[PDB]
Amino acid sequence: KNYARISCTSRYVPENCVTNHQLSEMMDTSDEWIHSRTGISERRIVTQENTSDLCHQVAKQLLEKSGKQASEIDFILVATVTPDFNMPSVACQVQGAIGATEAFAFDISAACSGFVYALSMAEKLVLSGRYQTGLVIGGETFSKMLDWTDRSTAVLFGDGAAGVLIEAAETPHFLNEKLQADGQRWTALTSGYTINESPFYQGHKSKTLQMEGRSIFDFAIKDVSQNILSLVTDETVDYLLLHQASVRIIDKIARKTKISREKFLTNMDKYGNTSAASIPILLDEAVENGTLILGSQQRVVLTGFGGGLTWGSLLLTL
């Protein structure tokens, strides 16, 4: 019984809702541009909460919903790139917050691929027979990294968190995976640069997020379609939950990929780019709508891509 499975999903986003119209009133941008370019119509931006609070809520919900108590959690992995501190890790904040005294935790830094990466990591942990229960949460608060005057990026990212309760099963669910990265293009998407100002530093080396639009666009369409076809073919997949960066991107991938577009579930119109939280939000939401149903054995693939560059897919049966 070393086979992991997702057995409970949950999401949480700031109550605050910001539409493209409220943004067009802040920068030289419009609802028609933003939307026709990404499919994004609104986003949720924190006003008080940070990444740890958002994740805290997801964890809380997983337990309430699953009837599982914190003492049962063996571990906690948070995939974030907008953590509260360098230390502690959001995972540790969350651990102490829900009183999961028996679990150990840490965050994983893999940008917009953080959830797929983190999730895979958990499967390895459970498969080891060492651990059976854990929480994999993807949470982000980009609002605090963005330059709200650079319309280039300010209109894309949103705040949010979502995760799943993962436990060992007797039957295998995580069929196959392919995690990839290309650090020779790391410059394409970057944020959080902390400069050294110690009295010893003598080098002459921007804390806000900055990215190369085309670079990542072109990259995703190519490198991702390849990574997805590695695992499946339209004929061998039921649904695909990709990073919700741009609908135009998903549209181009579905085409190159030769996979029925109806399988690529979309969410960005309501949350925008939440990076590592995009996929789990979409997943919980799909479960809720009934599109996906745990136990149904539906062949689903989860694929993320972004900062790193990083990207990877997971073929699993829900």
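So that there is no doubt, residue numbering starts at 1 and follows the sequence shown.
Remark: stretch with higher mean C-alpha B factor among 134 to 142 and 100 to 108 is 100 to 108. For the pair 265 to 273 and 281 to 289, the mean Cα B-factor is higher in 265 to 273. Per the deposited coordinates, the residue with the largest Cα temperature factor out of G158, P83, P172, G163 is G158. Of the candidates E235, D74, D218, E123, the deposited coordinates give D74 the top C-alpha B factor. The PDB entry assigns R185 a C-alpha temperature factor belonging to the middle third of its chain's modelled residues.
Split the chain's modelled residues into thirds by C-alpha temperature factor. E32 is in the lowest one. Ranked by Cα temperature factor within the chain, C92 sits in the middle third according to the deposited record. In this PDB entry, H56 carries a Cα temperature factor that places it within the lowest third of its chain's modelled residues. Looking at the C-alpha B-factors along this chain, the one for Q69 belongs to the lowest third.
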